[PDB]
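First structure 1, then structure 2: two forms of the same chain, each alone, as structure tokens.
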Structure 1
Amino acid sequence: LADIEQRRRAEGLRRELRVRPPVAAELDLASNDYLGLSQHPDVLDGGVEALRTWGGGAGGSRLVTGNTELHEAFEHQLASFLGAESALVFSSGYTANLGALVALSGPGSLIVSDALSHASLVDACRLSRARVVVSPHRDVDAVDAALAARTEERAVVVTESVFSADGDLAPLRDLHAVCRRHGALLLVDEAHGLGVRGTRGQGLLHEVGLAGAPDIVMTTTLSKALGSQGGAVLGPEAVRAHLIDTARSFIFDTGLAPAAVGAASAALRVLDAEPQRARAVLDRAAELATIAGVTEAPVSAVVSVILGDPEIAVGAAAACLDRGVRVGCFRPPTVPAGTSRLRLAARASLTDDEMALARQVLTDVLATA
């Protein structure tokens, strides 16, 4: 009942408030539309055409024909682009993670999940009803130790390829080595890897040479680089079939709107035709990092700018905002108490003029902090 109301008290008095409305007007360095494809003309046209062809939403789930030919065609397109045999779309990356992790583990199995994991995967781990071990961030030897000592026959090692927290890279090859050595599955969330890592933006798995691996399952969102909505699970065909019969986050879920599928497919075609875009987001990231005084070269789209106390940094975010530039802002308790930071999300579609605005605003705001 009213229990809600002073668990407003506790976060009314304390540093947190929600939320805000836009309508396209200023410079956004906080979105994860890494390739700027969300508002690309061709993506808009693809979503519109798909919408006019199939209508709004669909109807049920599938094993032969519930949704559409559109979904399958896109699944094959994405799978072909990423080097996997099969793909299956979900309503979101969240539900894709739920479905995949639940279907590939279950009771009596082991899940080894990186500590800095997005959730998405914590809820998936809970929903899986498997034994969950949380291993230290990118600690390969810890994972190996967990896998070697297990009594459960079936094991899944879960990690992000590019971490949502700091944008750092996971040691996918080493992890896959320990996985194969102990007969474990490797499940990698490439939400921040797709369109960013790889010479052509195929993700970190493809970049480090693990595309098409028989014991690797990949998940990703369609809402970042591919600038749309929805999720996808990719891997060997058997994985897709298994998902089709068993996945409570897929059979009960009405799936993905045709418009989102068309937009994602178009975004994929533009990305495939323009590999330079994937380099462009990294280059822009580097530019932002140089503007912000960050010495560490960006390995992903997002640049973290650690300032310190949670009120010079929020002040920096407010000054940036009042000068037409919205940036990301992490503070306690989302991050450790001494590391309140700004977060700069690069996009491949950033023009030199927009970068000039960012340069002015960020230079001035940061110089006085």
Structure 2
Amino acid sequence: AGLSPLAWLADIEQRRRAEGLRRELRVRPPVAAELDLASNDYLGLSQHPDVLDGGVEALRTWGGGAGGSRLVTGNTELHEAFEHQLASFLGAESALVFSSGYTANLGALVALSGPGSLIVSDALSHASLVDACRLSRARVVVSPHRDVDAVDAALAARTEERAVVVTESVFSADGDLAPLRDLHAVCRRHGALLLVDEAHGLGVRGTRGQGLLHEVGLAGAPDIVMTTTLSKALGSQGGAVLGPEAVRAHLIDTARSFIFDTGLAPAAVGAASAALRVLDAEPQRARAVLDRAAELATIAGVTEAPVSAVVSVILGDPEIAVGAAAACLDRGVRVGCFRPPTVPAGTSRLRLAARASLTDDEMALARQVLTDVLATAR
């Protein structure tokens, strides 16, 4: 009877189901029956033939895994060729790929802050960045959403020499845009570093999909470090940290989620290298995902044009919000559903994620389904 030490998991499940928060998995078949407006495969590249070719060619050339840490034997010519390709596309001096976006965020923020330093964090930050702040062992100040003045005051009063301001370029919570130039003006005045996660800007912002930093003209600044994922626009798996040449050499030397991980599979690096090749050659994809989002905003009754791929549809009640998500699926459309604790109380919503590859008949099914489901929920 080793029942006691795991019996508390049952009480947590009762309480989670009591508040209607218990998350479960659905299982997706290879040929999907239902239109997907819930993934973050923004450019449709996960199943593009070129992307299939890149992963397979890497896989046959290099194997199924890196074989070990990049600090021992896992660093291939493929890894460094992609790092050059990504950095050049993004306008950065250097790039370093991690096994995932989550470990890229842990690795970058922890190694550039650390004990005795200050981190200024946005209150709506992605969980990967909140965990990083906990792991850095730095002193952490959390500012109101996109409150540049709050950032200014926190930096001006710090006794710590080194400070990192952390933010998303395109926020995963709401899809709004970070005030990158203002935030950066505050950092340089205070000698602080600016860390920017462009997981939702890459492939989406910029006229050629190069991210919000590039778009606002901050790409390559000596005091800006960028993180991104390879699993959204670039259709693959992995994380990446980008910035000055010294940052890469620092992460190799001290970032714990880089040294003591096995490092990104070749097939994922090959896949993402092809996907970046397609984006570079078909930059209209970054514009189509923004266009489809706008149509999704109009459909959903959102009056202001979306600046990012994902549309938020504030239903305002959790059971109503979940109810709408379930009715869409039954009608052939898989949509995203955020309820507390993900969003504040009373702001339960659907997320409609645009993809560059959406066709006109698929949008008419989105018009048909979302209109009917939302008009009932309304």
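Counting starts at 1 with the first residue of structure 1 and goes up one by one along its sequence. Basically, rigid core = biggest C-alpha set you can superpose within 1.5 Å across the two forms.
**Student:** Return yes or no for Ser61: a CA shift of at least 2 Å between structures 1 and 2, with the rigid core superposed?
**Tutor:** Shift at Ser61: 2 Å or more after core fit.
**Student:** Looking at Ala10, what is the CA displacement between structures 1 and 2 after core superposition, in angstrom?
**Tutor:** Core-aligned C-alpha shift comes out at 5.3 Å.
**Student:** Give me the C-alpha shift of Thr95 between structures 1 and 2, core superposed, in Å.
**Tutor:** Its C-alpha position differs by 0.3 Å.
**Student:** Given the rigid core as reference frame, how large is the C-alpha shift of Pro333 between structures 1 and 2? Answer in angstrom.
**Tutor:** A shift of 2.5 Å.
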